[PDB]
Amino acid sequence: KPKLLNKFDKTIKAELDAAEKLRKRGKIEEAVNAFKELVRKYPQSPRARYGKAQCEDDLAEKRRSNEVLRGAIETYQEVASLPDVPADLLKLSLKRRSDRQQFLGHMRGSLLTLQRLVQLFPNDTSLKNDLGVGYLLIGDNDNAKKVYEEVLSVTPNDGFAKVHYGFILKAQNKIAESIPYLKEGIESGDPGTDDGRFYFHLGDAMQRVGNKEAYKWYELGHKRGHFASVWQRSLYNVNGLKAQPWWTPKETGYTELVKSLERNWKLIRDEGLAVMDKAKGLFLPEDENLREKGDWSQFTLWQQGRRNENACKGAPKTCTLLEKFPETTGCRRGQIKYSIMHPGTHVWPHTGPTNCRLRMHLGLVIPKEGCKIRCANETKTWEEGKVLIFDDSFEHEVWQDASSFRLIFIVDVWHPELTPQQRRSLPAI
């Protein structure tokens, strides 16, 4: 179907097919020089230049190299600068340049490529969509909101634009507004609406309004391969890992870490209380929209495997103790943090992002009544000087209805069945 040969490229069509054939055969080295010869002899051929660009692309994948891939990205832009580029070829070339610039994290760059695709093709809705994604990738939810509004002002039936529209509304805590969009969009069946994120957030938005349909959708998404179960709905998983809401210390193998936490708990407690008395701002309010009501704040010492050096100035002995346990200080999918919660607080049901961590809680200051935590079907209480362990990739929930503050210490560990090699390579969360 797609017509990629302007008038002059039709007269050299035999040489261009010759060279693209070598490329399809796998001979990356042969074709790249066959396209570079064509580009030398035909410096205005948009099809020679695209062939060069694609061969650079295949290479940077044979080679897993970032410098050559960066070259393919300029060659893709070279295609669009030439005279008389056929439209199918100009779109294809610049889309790939955006998609491979997103792969490097040049998302400031992928953004400009996408804006140009939309200037050049103002009736293509897919490119307004793909540009909404460019805005979400860099955290610019405001500009992404307009984009999907515009798309919806023109095509209100477009699924993709609807789910993304909802996703934005949910993230803004416009929970009920979010739900028809999330629902109709998943229901459209358009390409790119069958994504776990939308199943996840429709069910969660239903739960918060008290619509008991919410688990119908958790079950749909389980059917279609997004969640491991209806209860355990994390999205950045390593498939297979033993899955259970509550673990005993021995079942994790981290008995040394647990012993240390429990034997040295009072120095951990005392540095946290010192930080509450003299250095409160180190405690930051929870900021993932997880509270229905009340006050909940966290003082973080490690995140994504990296010690916070200024934070460790306010808990120096605790940081020194934990340095001996890399199963937690190098868990690049978890944190190490004090967590304070006061009366009047209800944490919505919610799930962590990854099944690659287990979460330990050490009780530091626990009132006798009013504080409890549910993971899955079972609710439990903290104790001062004692560690509980649960998989926060399962749905969990917390209440604080006591008459003073409740303080715990939270230590994330690598899932025990994860290999040394998985631990070193998995991308941070």
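Counting begins at 1, following the sequence as shown.
J.: On mean Cα temperature factor in this entry, is 270-278 or 189-197 the higher one?
T.: If you average the C-alpha B-factors of 270-278 and of 189-197, the larger mean comes out for 189-197.
J.: Which has higher Cα B-factors on average according to the PDB entry: 43-51 or 64-72?
T.: Averaged over C-alpha atoms, the B-factors run higher in 64-72.
J.: Which has the highest CA B-factor per the PDB entry: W302, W217, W348, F283?
T.: Across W302, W217, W348, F283, the entry lists the biggest C-alpha B-factor for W217.
J.: Looking at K293, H226, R357, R96, which has the highest CA B-factor as recorded?
T.: Largest recorded C-alpha B-factor: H226.
J.: Comparing against every modelled residue in the chain, figure out the third that the C-alpha B-factor of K259 lands in (lowest, middle or highest).
T.: According to the entry, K259 has a C-alpha B-factor in the chain's lowest third.
J.: Can you tell me whether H361 has a C-alpha B-factor in the lowest, middle or highest third compared with the other modelled residues of the same chain?
T.: Lowest third.
J.: Would you mind ranking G370 by its C-alpha B-factor against the rest of the chain and naming the third, lowest, middle or highest?
T.: Middle third of the chain for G370's C-alpha B-factor.
J.: Going by the CA temperature factor in the PDB record, which third of the chain does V79 belong to: lowest, middle or highest?
T.: Bottom third by C-alpha B-factor.
J.: In terms of the CA temperature factor given in the entry, to which third of its chain does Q335 belong: lowest, middle or highest?
T.: It falls in the bottom third of the chain.
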